[PDB]
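The structure tokens that follow cover one protein chain in two forms, given apart as structure 1 and structure 2.
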Structure 1
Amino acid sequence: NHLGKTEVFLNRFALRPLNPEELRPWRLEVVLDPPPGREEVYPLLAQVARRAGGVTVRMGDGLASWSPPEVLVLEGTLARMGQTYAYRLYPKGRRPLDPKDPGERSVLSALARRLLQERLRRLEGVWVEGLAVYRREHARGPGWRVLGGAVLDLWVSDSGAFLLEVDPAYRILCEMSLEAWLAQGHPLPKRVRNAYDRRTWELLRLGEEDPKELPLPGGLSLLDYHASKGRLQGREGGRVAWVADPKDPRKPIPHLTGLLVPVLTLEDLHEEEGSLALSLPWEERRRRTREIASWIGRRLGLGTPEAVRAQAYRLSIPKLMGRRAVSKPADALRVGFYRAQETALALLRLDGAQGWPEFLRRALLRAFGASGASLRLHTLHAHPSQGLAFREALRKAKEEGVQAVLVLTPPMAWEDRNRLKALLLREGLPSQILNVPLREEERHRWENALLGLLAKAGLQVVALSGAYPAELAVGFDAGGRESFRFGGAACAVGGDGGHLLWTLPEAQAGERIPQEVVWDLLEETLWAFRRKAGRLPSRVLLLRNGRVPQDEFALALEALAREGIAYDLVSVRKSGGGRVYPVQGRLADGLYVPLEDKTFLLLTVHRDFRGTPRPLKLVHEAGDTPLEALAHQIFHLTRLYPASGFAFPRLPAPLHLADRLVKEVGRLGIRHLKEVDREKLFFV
């Protein structure tokens, strides 16, 4: 291997191999009357394990248990969606289970997790929410405290051992009333909770009215209302607080500051305690992970936790190219772009002012200068508020070669931001917004806006230098909406990624992308590749955001086989990688950690040293390229994103683009894009 080896710890710990009594659980038969449904079988079975108590988990059509029947509720009744059933338990003996059997250890692990939860529940000082355990005050001030602990997990190996996973976690508690909060000179909190339950509101403002006068819609006093429900006992109804249901922060609602509790944010506490942060440097996290594991191991009698370690590899650093070698995409602004054509940009200024700020103009002129390309700056002399007549000014501008517009504006409300983007999109004019209290020293902001204005005009700002197996990299993502999704793709064409493009996403019902929409989108990207290279890709790299639904690529993969195109399919999850810590030395991004076959972690970005990185977990779902070669290419593709300028995304450019793309479309809609080139990244 030409890559440097390193050892790492995962945040997992190996514990004892299971004993006899743990492998052979009390089995049981479940007789539900009225007999269950079909979509309601498992859900009711599980609600029976919780209703039976003890270390019980469902197994097939019944349940397994690490508890004696003599402490199990064998006769009872639970009410599901409409129907009221009655259960009865029949001890079907005590059969042994098999750690190798995938779906059997699913039960063993299930029980392990249940064991862990009950042992924790009986501990005195600790607070336990699900699998998170908080055990120690970590910080505190007047009225608030932060508890420290860790979310945990206990599962069973294929090889019959217990596995403990630990990751440090914090909980912020505020226990003072809003009245007291404000009386001690603190600022208004954006959100606020009921003192008598969990209902939490957004806090609009304080009221000048009197509680005992504030007439409650249909009845009595603001105060008398609350008094009625006995909420003033051992409390003081304070002043009037106007709040709003966060789902529709319009209609204001009367409340008492004596009965609201602030919900605090890390910054409301960094104001008090100061220098208090909830993210950890990786070495502090590693230390605390080890401490916590040892703490629990000692309350658990499953052996001494032995931190599991893996072999990691430092991947080669990507050589990023502008017109000349660059180290981040913003440097292309100084050196020149990878490939700049003739381009024309327009300005729409929506403060009271007029004309291109000279420093932006010069920055642009310099950038095109270094690149040896022509630039023609235009200025829209029309206002969005001129209604339909505005459109004639936009059409005029596109009919003069304008490829994108810079919008100089005061901060716009989200509604108006979308309204405007859309409005310019109708005329095939992608837009970059730049907020207008703006000063030349605010450099990272306007230089990023510039990088975006250029991607939106179709310029390729950077490309890779290197040899990769795949000449086409395409990433697939689903949806930028709640009750339905989108599903689209973005594209790194050429082995250098010399071109980036997107494809119009297609509305769908859930996560799963219709088998044929997958192949459709893929075909779009192959035709893109063909008219750039005059030929078909010899090999493609296929990437999905998140899990890959069962054979949703099956149809697309056979079509590729038909056409004689080679391929790999990788699933890229943002969660589920846990943590990775060097045993010795620094940790730099570019970290590759093989796990099982067809799977590995990739530490793609490390940069904000006050926080701990979260590795991507990747699964090799189809194809037979060496894991390490996939890792190498994914990693480098990380560096290809044009619109970030000063920091690389954690995701490979195509998956990061696909994400951004389905989010934009879910926000703006699918209309107004017929006249927007697919090389113009309108959505960055």
Structure 2
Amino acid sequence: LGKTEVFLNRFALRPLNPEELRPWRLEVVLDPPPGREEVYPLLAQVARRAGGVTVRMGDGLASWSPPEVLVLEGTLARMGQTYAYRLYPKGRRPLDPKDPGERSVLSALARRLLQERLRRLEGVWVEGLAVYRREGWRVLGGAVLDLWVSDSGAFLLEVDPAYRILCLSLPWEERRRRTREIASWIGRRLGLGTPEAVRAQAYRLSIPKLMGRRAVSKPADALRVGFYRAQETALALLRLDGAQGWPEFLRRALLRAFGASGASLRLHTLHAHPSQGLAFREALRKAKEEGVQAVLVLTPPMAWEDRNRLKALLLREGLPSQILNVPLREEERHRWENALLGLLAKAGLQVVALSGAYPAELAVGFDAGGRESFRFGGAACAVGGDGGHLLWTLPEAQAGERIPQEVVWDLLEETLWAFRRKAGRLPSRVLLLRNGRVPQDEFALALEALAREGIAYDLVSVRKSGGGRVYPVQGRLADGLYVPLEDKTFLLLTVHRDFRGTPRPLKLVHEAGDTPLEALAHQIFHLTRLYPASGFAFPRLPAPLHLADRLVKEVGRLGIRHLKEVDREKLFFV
């Protein structure tokens, strides 16, 4: 617990001058007139050809450059069709930084000023908003930049160091220094004053409590102390390498885990090979009939297509599988212990759970996956307060990133129904998580149905980009940092390792609900530690979202047609 302070990778520069607060307003006339759907990009294009610092404002243009130095008359080309533009100055409109509407226009002007000013910088490498400065192959050093306006009417610089390959992670502290050096170097050159780094109040969240059969510090420990909830299991081994039976150290480790858990284990061997064709599927069917819940596949590294085909084939017989490549030595403990954890999660075992109290006893994550011209919208959930159960539900095919209102609700209803099957009652409050942005009204129906059903809720948008960066004012950088920014918007540093590079905090937006922000940050931060198939490192995303992202990715890869007979408690996609 505790208040503390951090720097963001943003820097206050000079106040907008009186001039800039009243940008020049210009109307645009185009011949011929564009259709209703094509005009906005066209206005933007006009904004560029006019030159100087000019952006679209409403249906027209705003410029910080007087109209005499703009190119008021000229020509454009879009989708084959050629247009002729003329810009008529129409006085200047006083823009106030408080009216977030106006500020947005000022920030657009600010970015254009920055990009533009940077193009005129001598002996430096500029690409859009990137600048490279420090070294027939070469390493280039620099930063990605941004410029907007604070509501008190001053320039804000976001700076983040970056490299350029022309022919790579940075310790956090180094990145912080280079961030400052580059912020001043550019502010002094740009003519925007001396940069002063922005501070924010940060709060240190309580360390979450992870439980196997007993307390653990990492999920891999459940292999020695026992699982959070063990039950009678049967696992099968499929060897693609022509070898023996179970490697003894794998056997001994599984037996040890189950003995500590107080549950019984049956180990099977599949004496079949997929090159047998349909006979192979018969063996699977039999294996399944005999109780096998998941399969460990020992194989030389497989090509993606073979891997996918194999997974899909077992899946079609209701058998999740965990691959572990050979050659395999006993000393490669991390790899094979992670494999083992994978197998157990795919068998429907609860390896770890959290201890502690949280606002919501059901947490659900929503994502969309697939790289083709259609996506899958899907959900994964953590049931009970402890996250005592991890489930997935069948995805749905959709046109794009938006998940249809009815689909969101249906998925949600399945997870609620899972809670009701597992606890005998409805949850009093649910935590709804969305990977990335929530499209307008996407959750409207669902939200209404929960209300109707007497279930309290919170909606939280979780963005993996856009949060910027956070550095301690003093001391070492630790994860579990909560940084409230504006109202209902906050950063959350969930994971950090000194060797990984510099952390990227999540950016969260509280979209609906009245749970205090700090509480949401507490439960989400804690949720990152629930993921069972990573032994030694916690995911950045809370387990519902991490699982959901993996779910839609695997379904995107294998297809949805194989999942009919796969239990929703078996996490086949880890």
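All residue numbers here follow the sequence of structure 1, with the first residue given the number 1. In this text, the rigid core denotes the largest set of C-alpha atoms whose superposition between the two forms falls within 1.5 Å.
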If you fit the rigid core and then compare C-alpha positions between structure 1 and structure 2, only one of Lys100, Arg362, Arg298, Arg562 moves by 2 Å or more. Name it. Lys100
Please determine whether the C-alpha atom of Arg443 is displaced by 2 Å or more between structure 1 and structure 2 following superposition on the rigid core. no
Align both forms on the core first, then report whether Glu342 has a C-alpha shift of 2 Å or more between structure 1 and structure 2. no
Core-aligned C-alpha movement of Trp414 between structure 1 and structure 2 reaching 2 Å: no
Rigid-core fit: what Cα movement does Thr56 have between structure 1 and structure 2, in Å to one decimal? 1.1
After superposing on the rigid core, how many Å does the CA of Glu482 move between structure 1 and structure 2? 2.5
Look at the Cα of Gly546 between structure 1 and structure 2 with the rigid core superposed and state its shift in Å. 0.2
